Amino acid sequence: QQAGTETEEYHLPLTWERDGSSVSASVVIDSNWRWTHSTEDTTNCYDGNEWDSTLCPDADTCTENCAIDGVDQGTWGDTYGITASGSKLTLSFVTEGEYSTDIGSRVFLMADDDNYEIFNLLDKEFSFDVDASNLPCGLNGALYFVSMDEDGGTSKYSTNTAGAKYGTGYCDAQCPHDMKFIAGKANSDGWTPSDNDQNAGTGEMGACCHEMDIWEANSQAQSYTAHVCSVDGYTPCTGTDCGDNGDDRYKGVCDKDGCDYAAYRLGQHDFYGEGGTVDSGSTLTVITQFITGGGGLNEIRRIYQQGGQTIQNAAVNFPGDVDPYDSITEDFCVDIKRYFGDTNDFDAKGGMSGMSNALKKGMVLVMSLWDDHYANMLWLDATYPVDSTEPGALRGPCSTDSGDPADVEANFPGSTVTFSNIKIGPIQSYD
Ligand SMILES: OC[C@H]1O[C@@H](S[C@H]2[C@H](O)[C@@H](O)[C@H](O)O[C@@H]2CO)[C@H](O)[C@@H](O)[C@@H]1O
Ligand SMILES: [Ca+2]
């Protein structure tokens, strides 16, 4: 995409801590949330769930004709419901303005005006605080890393002159088709409006890359998940390479399921939740350690703190069936997927060693708040598939009838998440 010139871009300031030093940085909104308009007029190129066919009769013409504009200081709050102070960021769910309603948001951490911060997680400990108390069933306040390009794609894709400054270049291990710009071009060819999301659709291409989920959660359930792909960084896909949901799920370039560590799914139902060992009614500290040895990454450990108290990760609780693993390791991934009867695409795509190489190349930090128009967040917090009760189907305490976006957007529009005190540094000991 080209950048529009109606509104100077403002990145929302955010402080964090890197290797013992305070860093005065900022966040940027993902290009998918921006005003996309004619290069010569205020006419929208994209509105609602469809492109304007006069501006966008084909992808190349759309790319020539359309531009993504800036988000000014006031618009963060008034349109997207996003605020920051010090090292604290709050994202909102439903925000209604004079003219429009926004649902959720996705932001990236910047290094400077034109480049994302690049995290090299190997042999490091990454921590933050989160308040998930205002996230019901069907919501996800997420913090994660993806193998996006540092510059958002400007060096790779000459038609992307907007770049990381405008939040371009999102990819993840879902190979999403809902991206409006992929590979520097409008993804307008083959566009189909969503069945149930008035603001979204899908185009022919998807945007794939490795993904390390630190925190996918609401007040009822939480997980952390490693997803490896067989492709090198940001990779557009078409056709079966995208591994689309349904029949193609295991045929593409990325591992959609990932190797997940989700305490409730692992038989530890009282560990996290309202009044749990880790009480989701109160802010908590989430600590993640990327342990390496001669084989590269070999373990992803989790520690919590709450109220000053260290709380070790809850171990797998299927006595006699699965060993009491308490972290992501290769053996865990293999054994748990056998017990759950899940296809091990994680290993097919390179396993822990592939994941290690992905982390070595660096990742971009993402924070988001969303509902799930495909699967109602049931994979996170309910039973999924809804018609199974085999081990691994149960994910959390929420109903199989929960999480429809038309329910949650109407019944809990005021949902929010707050992330704070983001930090990276050497691996610490917790006794
Ligand atoms: O929908 C986004 C979510 O997908 C999961 S994979 C998920 C599948 O939806 C389900 O078919 C499979 O059987 O269970 C898993 C849940 O672990 C992905 O892991 C996650 O990181 C992503 O945000
Ligand atoms: Ca210490």
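Going from the start of the chain as shown, residues are counted 1 onward.
The deposited model was determined using X-ray crystallography, 1.1 Å.
Positions of Cβ are set from backbone N, Cα and C atoms, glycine also.
Here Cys66 (disulfide bond) comes close to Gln1, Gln2, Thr36, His37, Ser38, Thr39, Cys45, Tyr46, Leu55, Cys56, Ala186: these same-chain residues lie at least six apart in sequence, with C-beta atoms under 8 angstroms from its C-beta. Under the heading disulfide bond, Swiss-Prot lists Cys45-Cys66 (among others), citing experimental evidence as support.
Taken from Swiss-Prot, the feature disulfide bond covers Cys56-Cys62 (among others). The DSSP secondary structure for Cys56 (disulfide bond) is coil.
A C-beta separation below 8 Å, combined with a sequence spacing of at least six in one chain, links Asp257 (substrate binding site) to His227, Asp342, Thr343, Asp345, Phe346. Positions annotated as substrate binding site by Swiss-Prot, on the basis of experimental evidence: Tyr80, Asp102, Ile103, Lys180, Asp213, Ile214, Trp215, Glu216, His227, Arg249, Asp257, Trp379, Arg395.
Secondary structure from DSSP puts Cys137 (disulfide bond) in coil. The disulfide bond annotation in Swiss-Prot covers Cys137-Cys398 (among others), and the record cites experimental evidence as its basis.
The disulfide bond feature in Swiss-Prot is assigned to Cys171-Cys209 (among others). The Cβ neighbour count for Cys171 (disulfide bond), using a 10 Å radius and every protein chain shown, is 29. The secondary structure of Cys171 (disulfide bond), as reduced to three states from DSSP, is coil rather than helix or strand.
Its Cβ taken as reference, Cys208 (disulfide bond) is surrounded by 29 other Cβ atoms within 10 Å in the chains shown. The disulfide bond annotation in Swiss-Prot covers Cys175-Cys208 (among others) and is backed by experimental evidence.
There are 27 other Cβ atoms within 10 Å of the Cβ belonging to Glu211 (active site, nucleophile). In the three-state DSSP assignment, the secondary structure recorded for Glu211 (active site, nucleophile) is strand. For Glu211, the entry in Swiss-Prot reads active site, nucleophile, with the evidence type similarity to another entry.
Taken from Swiss-Prot, the feature active site, proton donor/acceptor covers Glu216. Counting only residues at least six positions away in the same chain, the Cβ atoms of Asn140, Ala142, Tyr144, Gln222, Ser223, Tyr224, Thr225, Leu380 sit under 8 Å from the Cβ of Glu216 (active site, proton donor/acceptor).
Residues or ranges marked as disulfide bond by Swiss-Prot on the basis of experimental evidence: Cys229-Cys254 (among others). Sequence-distant neighbours of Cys254 (disulfide bond) (same chain, 6+ apart, CB under 8 A from its CB) are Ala173, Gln174, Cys175, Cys208, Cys209, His210, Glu211, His227, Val228, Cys229, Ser230, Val231, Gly243, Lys349. A strand conformation is recorded for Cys254 (disulfide bond) in the three-state DSSP classification.
The disulfide bond annotation in Swiss-Prot covers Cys237-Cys242 (among others), and the record cites experimental evidence as its basis. A simple way to gauge crowding: the CB of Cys242 (disulfide bond) has 24 other CB atoms within 10 angstroms, across all the protein chains here.
Taken from Swiss-Prot, the feature disulfide bond applies to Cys259-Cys333 (among others), supported by experimental evidence. In the three-state DSSP scheme, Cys259 (disulfide bond) falls into the strand class. Within the same chain, residues at least six positions away from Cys259 (disulfide bond) with a Cβ under 8 Å of its Cβ are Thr225, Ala226, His227, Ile328, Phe332, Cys333, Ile336, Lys337, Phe346.
When the disulfide-bonded residues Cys56, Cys62, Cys209 are compared by the number of other CB atoms within 10 angstroms of each CB, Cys56 has the fewest.
Only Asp257 of the recorded positions listed as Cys137, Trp215, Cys237, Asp257, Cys398 bring a Cβ under 6 Å of any atom of ligand 1; the order follows the sequence. When the alpha carbons of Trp215 (substrate binding site) and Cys242 (disulfide bond) are compared, the span between them is 24 angstrom. Among the binding-site residues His227, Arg395, the residue whose Cβ has the fewest other Cβ atoms within 10 Å is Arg395. Here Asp213 (substrate binding site) is positioned 21 angstrom away from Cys237 (disulfide bond), judged by their C-alpha atoms.
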